[PDB]
Amino acid sequence: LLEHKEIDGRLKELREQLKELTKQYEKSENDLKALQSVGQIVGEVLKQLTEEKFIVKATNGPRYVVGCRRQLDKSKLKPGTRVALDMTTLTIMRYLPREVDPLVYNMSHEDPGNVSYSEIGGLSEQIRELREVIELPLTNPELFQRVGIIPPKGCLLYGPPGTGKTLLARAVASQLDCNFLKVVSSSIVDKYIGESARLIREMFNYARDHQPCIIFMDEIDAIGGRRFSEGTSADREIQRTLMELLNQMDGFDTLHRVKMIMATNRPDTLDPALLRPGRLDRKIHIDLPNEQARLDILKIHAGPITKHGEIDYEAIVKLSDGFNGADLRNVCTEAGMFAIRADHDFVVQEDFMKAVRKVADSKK
Amino acid sequence: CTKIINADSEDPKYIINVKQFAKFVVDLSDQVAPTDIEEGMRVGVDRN
Amino acid sequence: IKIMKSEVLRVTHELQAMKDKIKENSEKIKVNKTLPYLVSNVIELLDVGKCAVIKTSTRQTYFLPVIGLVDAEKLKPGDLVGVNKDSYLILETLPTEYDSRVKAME
Amino acid sequence: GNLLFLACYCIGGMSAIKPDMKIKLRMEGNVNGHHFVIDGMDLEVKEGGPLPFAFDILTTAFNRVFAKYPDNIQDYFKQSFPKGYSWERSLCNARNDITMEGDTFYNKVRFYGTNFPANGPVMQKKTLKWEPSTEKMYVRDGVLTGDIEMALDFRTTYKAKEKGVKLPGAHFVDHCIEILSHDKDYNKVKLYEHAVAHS
Amino acid sequence: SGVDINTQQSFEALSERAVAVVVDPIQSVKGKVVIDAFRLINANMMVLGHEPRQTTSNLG
Ligand SMILES: Nc1ncnc2c1ncn2[C@@H]1O[C@H](COP(=O)(O)OP(=O)(O)O)[C@@H](O)[C@H]1O
Ligand SMILES: [Zn+2]
């Protein structure tokens, strides 16, 4: 232990502490390759002239005939497949997934927030039916094919506002942990004449590209509101969008592994062609919560709040008839706010009672 | 010339839009002081 | 001790060489990351361990197998960047320009 | 409300080209009071109009050109190429720099001075000529120092970028520099830089 | 180019005979090779009206 105190008094830092610089060695390492890359054109393959010559159009630029790399999947070089081009030799470098619309991207990257099936409240039979009709084709298609049925394309979830259709679909996505397209119909109608149907096409093309994907088209009454020949331009464009949706949904190109959810508050105004099976095989009445459903809503939403002594769901249920979901949650929210009026760190029965009273009064 | 990028004598680059041509983030020539350059004034620049 | 002191001397000499190696790397990285970057809107980021596609202000889309010399997490699809004018990699990130009407209100 | 309007499209063509970047052989100086800059061997003052001093005070600071040497005398000026030679000139001091500013290959001959006498012969613009002056070139400390007497001290130091060229022996090169053609305002000048080596 | 002419002047200062060959590497598609070699013309030579190079054969 003469010069072996811990390790020569130097190696403890000469081995790792200064060797942190080697991590920077790794850093600059990427940089070297990050400087030998030259970037590449991006274009779309227009045609397969022969086994080697590919007619390729660069975006916002000229078009060429270009060969592909020696090792590449020519079978996947279908027309329209976005590809990269070496800027100098102009050869097919690597295919790219189809360009996604910024709107579709934005609608595609909102986090579902891992909402659990516990957090629904009193939807047991309907949630089981929806779980069946959506998820079961995503688990045992062999079951259906041995039965002999074609897996369902999708279903409608109709009910009054605040009945939890959006949250129910979000929970379905979170349980699935698949690609979710939370789309609200009122946000896709545009003054630009051919843009709404184009957006629908982009949505469904994204869905086909990113199986398994879930298309949740909220407020579908704003698109599929029956076809009539009054002739005003706006509703006519709405019919065009509706029929683009109908084609993208049960059109010539058959759909595989893509299931759709359409929620509305006025199911009766939907187009009969959209209402027909093959497109919307199930119509699920997500209706107002019953008394049992109401108390389930209160008990499930009562989780995060801290209860002091006694809180009974039944009295609130009796005093909150006609409530539907979110409003009940409202009762909790301002209750905590009520807790700051007299400066508590908790909630009381009177707190909840006056909270539900205020919620009911605001509902009038 | 566009936003000054908050130079403070260490980041004197500015992004400039050459008309219908592109826009580039560039630095000054030695002959001009930053006090003479500010957002939104027409500036004559070299080509490479 | 003796073989361990030999290991200590070995590691300190390799550090001594690698310091100037890092200096040379920084020298050449400044040699190539010069200054007149070209602005470009990052169209999006794809997976291959990530690649990018951008749209330069010379109305040209451009695929980058490696996203230049910056981080690769925030990189919003619309994040204006300064990309090298010849080898076309994202040399730096620069603050967003505006959102039209958001500039209209001061 | 029921607008549903179409859209037209008006493209804007856009293109440019970087030309052959042009080398501007320009000297700069602030010897007494004026930031004079001159382009140039025809000489033309870019900025710093009619000089408060005579031109000669700066005519001695004028790569790409070298004196003529015989075969006996080693031509450090010549073999230092292609890079060229950088010199420090002491009169007031002068240095030559090569920079890449903008799109111009800058061969600066940056001038600087101090201790300007209030009635010195350099500012009344009086001038007869520069008599032929012999520079004794010799190596002091690995630097090629040329000692020249100014007739109308100079402690020139020449260093090659190629720091491998052998240093020539102490010789005596005769320089004959005279302002060939000029104007009274001294804005359109032609200079002479003839100089031959002598052992 | 102007800068190319400049560097070639620098090289010629080293030795009067000195060539500045250039090669187009992307125009050199299999078969033809696009490459040339130029020296210079002295400005005094051209302004005086004399031709840059004497001719004595058809080789040039
Ligand atoms: N089973 C349920 N029924 C009704 N509302 C619910 C249910 N579960 C949660 N909510 C409440 O509904 C809110 C979300 O709005 P939601 O009712 O899902 O949209 P929609 O108007 O489509 O029904 C949540 O804040 C939540 O408090
Ligand atoms: Zn060139």
# chains A, B, ... in the order shown; residues from 1 in each chain; ligands from 1
>>> closest_atom_pairs(of="stretch 9-51 of chain D", to="stretch 15-35 of chain B", cutoff="7 Å", atoms="only C-alpha atoms", output="CSV")
residue,atom,partner,partner_atom,distance
D:12,CA,B:20,CA,7.0
D:14,CA,B:21,CA,5.3
D:15,CA,B:21,CA,6.2
>>> residues_around(residues="residue D:182", least_positions_apart="6", cutoff="9 Å", atoms="only C-alpha atoms", output="PyMOL selection string")
chain D and resi 43+188-191
>>> write_last_selection(atoms="C-alpha atoms", output="mmCIF file, in the first residue's frame")
data_model
loop_
_atom_site.group_PDB
_atom_site.id
_atom_site.type_symbol
_atom_site.label_atom_id
_atom_site.label_comp_id
_atom_site.auth_asym_id
_atom_site.auth_seq_id
_atom_site.Cartn_x
_atom_site.Cartn_y
_atom_site.Cartn_z
ATOM 1 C CA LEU D 43 -2.115 53.270 -58.734
ATOM 2 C CA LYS D 188 -4.028 58.519 -60.994
ATOM 3 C CA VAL D 189 -0.498 57.270 -60.348
ATOM 4 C CA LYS D 190 1.876 54.918 -62.151
ATOM 5 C CA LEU D 191 4.709 53.425 -60.104
#
>>> residues_near_ligand(ligand="ligand 1", cutoff="9 Å", atoms="only C-alpha atoms and all ligand atoms", output="MDAnalysis selection string")
chainID A and resid 119:123 159:170 218:219 263:265 286:289 293:294 296:297 300:301 324:330
>>> residues_near_ligand(ligand="ligand 2", cutoff="9 Å", atoms="only C-alpha atoms and all ligand atoms", output="PyMOL selection string")
(chain D and resi 20) or (chain E and resi 1-5+22)
>>> interface_residues(of="chain A", to="chain D", cutoff="10 Å", atoms="only C-alpha atoms", output="MDAnalysis selection string")
chainID A and resid 190:194 232:235 237
>>> write_last_selection(atoms="C-alpha atoms", output="tab-separated table (two decimals), in the first residue's frame")
chain	number	residue	atom	x	y	z
A	190	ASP	CA	-62.39	24.69	-46.40
A	191	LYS	CA	-63.29	27.50	-48.75
A	192	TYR	CA	-60.63	26.21	-51.12
A	193	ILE	CA	-62.80	24.13	-53.39
A	194	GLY	CA	-60.95	20.84	-53.75
A	232	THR	CA	-75.96	26.05	-52.82
A	233	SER	CA	-72.21	25.86	-53.34
A	234	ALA	CA	-71.32	25.12	-49.71
A	235	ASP	CA	-73.54	22.09	-49.18
A	237	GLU	CA	-68.92	20.87	-51.64
>>> closest_residue(among="C:3, C:35, C:46, C:11", to="chain D", atoms="only C-alpha atoms")
C:35
>>> decode(residues="chain C", atoms="C-alpha atoms", output="PDB file, in the first residue's frame")
ATOM      1  CA  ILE C   1       1.685  -1.159  -8.939  1.00  0.00           C
ATOM      2  CA  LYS C   2       4.407  -1.505 -11.567  1.00  0.00           C
ATOM      3  CA  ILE C   3       2.134  -2.863 -14.300  1.00  0.00           C
ATOM      4  CA  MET C   4      -0.566  -0.538 -12.980  1.00  0.00           C
ATOM      5  CA  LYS C   5       1.785   2.449 -13.216  1.00  0.00           C
ATOM      6  CA  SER C   6       2.564   1.306 -16.759  1.00  0.00           C
ATOM      7  CA  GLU C   7      -1.171   1.329 -17.487  1.00  0.00           C
ATOM      8  CA  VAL C   8      -1.364   4.835 -15.998  1.00  0.00           C
ATOM      9  CA  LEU C   9       1.400   6.092 -18.285  1.00  0.00           C
ATOM     10  CA  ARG C  10      -0.197   4.384 -21.300  1.00  0.00           C
ATOM     11  CA  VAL C  11      -3.559   6.017 -20.650  1.00  0.00           C
ATOM     12  CA  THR C  12      -2.052   9.463 -20.026  1.00  0.00           C
ATOM     13  CA  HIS C  13      -0.110   9.323 -23.304  1.00  0.00           C
ATOM     14  CA  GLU C  14      -3.181   8.252 -25.269  1.00  0.00           C
ATOM     15  CA  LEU C  15      -5.034  11.183 -23.702  1.00  0.00           C
ATOM     16  CA  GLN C  16      -2.175  13.493 -24.674  1.00  0.00           C
ATOM     17  CA  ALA C  17      -2.486  12.402 -28.310  1.00  0.00           C
ATOM     18  CA  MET C  18      -6.286  12.453 -28.332  1.00  0.00           C
ATOM     19  CA  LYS C  19      -6.344  16.060 -27.096  1.00  0.00           C
ATOM     20  CA  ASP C  20      -4.613  17.282 -30.252  1.00  0.00           C
ATOM     21  CA  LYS C  21      -6.771  14.895 -32.276  1.00  0.00           C
ATOM     22  CA  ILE C  22      -9.813  16.723 -30.863  1.00  0.00           C
ATOM     23  CA  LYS C  23      -8.152  20.041 -31.663  1.00  0.00           C
ATOM     24  CA  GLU C  24      -7.702  18.946 -35.283  1.00  0.00           C
ATOM     25  CA  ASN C  25     -11.320  17.775 -35.451  1.00  0.00           C
ATOM     26  CA  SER C  26     -12.516  21.163 -34.193  1.00  0.00           C
ATOM     27  CA  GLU C  27     -10.221  22.915 -36.672  1.00  0.00           C
ATOM     28  CA  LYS C  28     -11.661  21.040 -39.641  1.00  0.00           C
ATOM     29  CA  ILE C  29     -15.235  21.344 -38.362  1.00  0.00           C
ATOM     30  CA  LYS C  30     -14.773  25.112 -38.312  1.00  0.00           C
ATOM     31  CA  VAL C  31     -13.144  24.789 -41.738  1.00  0.00           C
ATOM     32  CA  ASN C  32     -16.350  23.282 -43.104  1.00  0.00           C
ATOM     33  CA  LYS C  33     -18.865  25.062 -40.841  1.00  0.00           C
ATOM     34  CA  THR C  34     -17.764  28.446 -42.133  1.00  0.00           C
ATOM     35  CA  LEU C  35     -20.626  30.987 -41.919  1.00  0.00           C
ATOM     36  CA  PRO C  36     -22.889  31.661 -44.956  1.00  0.00           C
ATOM     37  CA  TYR C  37     -25.555  29.102 -44.149  1.00  0.00           C
ATOM     38  CA  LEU C  38     -28.660  28.970 -46.327  1.00  0.00           C
ATOM     39  CA  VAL C  39     -32.046  29.151 -44.638  1.00  0.00           C
ATOM     40  CA  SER C  40     -34.423  26.220 -44.972  1.00  0.00           C
ATOM     41  CA  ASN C  41     -37.673  24.932 -43.493  1.00  0.00           C
ATOM     42  CA  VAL C  42     -37.292  21.415 -42.111  1.00  0.00           C
ATOM     43  CA  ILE C  43     -40.200  19.646 -43.799  1.00  0.00           C
ATOM     44  CA  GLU C  44     -40.102  16.679 -41.419  1.00  0.00           C
ATOM     45  CA  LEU C  45     -37.985  13.964 -39.802  1.00  0.00           C
ATOM     46  CA  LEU C  46     -38.021  10.312 -40.874  1.00  0.00           C
ATOM     47  CA  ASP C  47     -36.604   7.103 -39.423  1.00  0.00           C
ATOM     48  CA  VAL C  48     -34.060   4.783 -41.019  1.00  0.00           C
ATOM     49  CA  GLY C  49     -30.788   6.719 -36.436  1.00  0.00           C
ATOM     50  CA  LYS C  50     -32.857   9.577 -37.830  1.00  0.00           C
ATOM     51  CA  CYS C  51     -33.003  11.351 -41.190  1.00  0.00           C
ATOM     52  CA  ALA C  52     -34.574  14.630 -42.273  1.00  0.00           C
ATOM     53  CA  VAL C  53     -36.196  16.289 -45.259  1.00  0.00           C
ATOM     54  CA  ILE C  54     -36.036  20.069 -45.609  1.00  0.00           C
ATOM     55  CA  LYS C  55     -37.193  22.731 -48.066  1.00  0.00           C
ATOM     56  CA  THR C  56     -34.511  25.310 -48.761  1.00  0.00           C
ATOM     57  CA  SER C  57     -35.274  28.874 -49.750  1.00  0.00           C
ATOM     58  CA  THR C  58     -34.134  28.024 -53.276  1.00  0.00           C
ATOM     59  CA  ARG C  59     -37.541  26.340 -53.602  1.00  0.00           C
ATOM     60  CA  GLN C  60     -35.924  22.911 -53.416  1.00  0.00           C
ATOM     61  CA  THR C  61     -36.719  19.878 -51.270  1.00  0.00           C
ATOM     62  CA  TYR C  62     -33.701  18.075 -49.881  1.00  0.00           C
ATOM     63  CA  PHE C  63     -33.251  14.785 -48.049  1.00  0.00           C
ATOM     64  CA  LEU C  64     -30.514  14.475 -45.427  1.00  0.00           C
ATOM     65  CA  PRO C  65     -29.492  11.001 -44.209  1.00  0.00           C
ATOM     66  CA  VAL C  66     -27.824  12.715 -41.236  1.00  0.00           C
ATOM     67  CA  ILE C  67     -29.216  15.876 -39.638  1.00  0.00           C
ATOM     68  CA  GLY C  68     -26.135  18.091 -39.779  1.00  0.00           C
ATOM     69  CA  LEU C  69     -24.325  19.319 -36.669  1.00  0.00           C
ATOM     70  CA  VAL C  70     -27.167  20.007 -34.232  1.00  0.00           C
ATOM     71  CA  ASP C  71     -29.343  18.039 -31.863  1.00  0.00           C
ATOM     72  CA  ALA C  72     -32.231  16.022 -33.286  1.00  0.00           C
ATOM     73  CA  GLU C  73     -35.127  16.096 -30.790  1.00  0.00           C
ATOM     74  CA  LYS C  74     -36.958  19.439 -30.934  1.00  0.00           C
ATOM     75  CA  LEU C  75     -36.521  20.006 -34.687  1.00  0.00           C
ATOM     76  CA  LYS C  76     -40.098  21.055 -35.358  1.00  0.00           C
ATOM     77  CA  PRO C  77     -41.437  20.381 -38.866  1.00  0.00           C
ATOM     78  CA  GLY C  78     -41.207  24.038 -39.813  1.00  0.00           C
ATOM     79  CA  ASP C  79     -38.180  24.884 -37.694  1.00  0.00           C
ATOM     80  CA  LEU C  80     -36.176  27.291 -39.847  1.00  0.00           C
ATOM     81  CA  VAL C  81     -32.518  26.225 -39.939  1.00  0.00           C
ATOM     82  CA  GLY C  82     -29.224  27.265 -41.459  1.00  0.00           C
ATOM     83  CA  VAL C  83     -28.077  24.428 -43.717  1.00  0.00           C
ATOM     84  CA  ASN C  84     -24.698  24.416 -45.453  1.00  0.00           C
ATOM     85  CA  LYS C  85     -24.757  25.889 -48.948  1.00  0.00           C
ATOM     86  CA  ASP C  86     -22.884  23.048 -50.696  1.00  0.00           C
ATOM     87  CA  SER C  87     -23.070  19.761 -48.760  1.00  0.00           C
ATOM     88  CA  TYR C  88     -26.547  20.622 -47.486  1.00  0.00           C
ATOM     89  CA  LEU C  89     -26.559  19.513 -43.859  1.00  0.00           C
ATOM     90  CA  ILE C  90     -28.126  21.431 -40.994  1.00  0.00           C
ATOM     91  CA  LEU C  91     -25.168  23.386 -39.633  1.00  0.00           C
ATOM     92  CA  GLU C  92     -27.262  25.371 -37.169  1.00  0.00           C
ATOM     93  CA  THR C  93     -30.741  26.108 -35.878  1.00  0.00           C
ATOM     94  CA  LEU C  94     -32.057  29.652 -35.848  1.00  0.00           C
ATOM     95  CA  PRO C  95     -35.122  31.199 -34.188  1.00  0.00           C
ATOM     96  CA  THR C  96     -38.456  31.014 -35.966  1.00  0.00           C
ATOM     97  CA  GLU C  97     -39.344  33.916 -38.235  1.00  0.00           C
ATOM     98  CA  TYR C  98     -43.030  34.596 -37.478  1.00  0.00           C
ATOM     99  CA  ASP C  99     -46.534  33.204 -37.963  1.00  0.00           C
ATOM    100  CA  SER C 100     -47.835  36.002 -40.220  1.00  0.00           C
ATOM    101  CA  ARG C 101     -50.673  37.594 -38.235  1.00  0.00           C
ATOM    102  CA  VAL C 102     -48.840  37.033 -34.937  1.00  0.00           C
ATOM    103  CA  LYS C 103     -46.394  39.639 -36.234  1.00  0.00           C
ATOM    104  CA  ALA C 104     -49.310  41.853 -37.280  1.00  0.00           C
ATOM    105  CA  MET C 105     -50.113  42.262 -33.584  1.00  0.00           C
ATOM    106  CA  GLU C 106     -47.102  43.645 -31.720  1.00  0.00           C
TER     107      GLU C 106
END
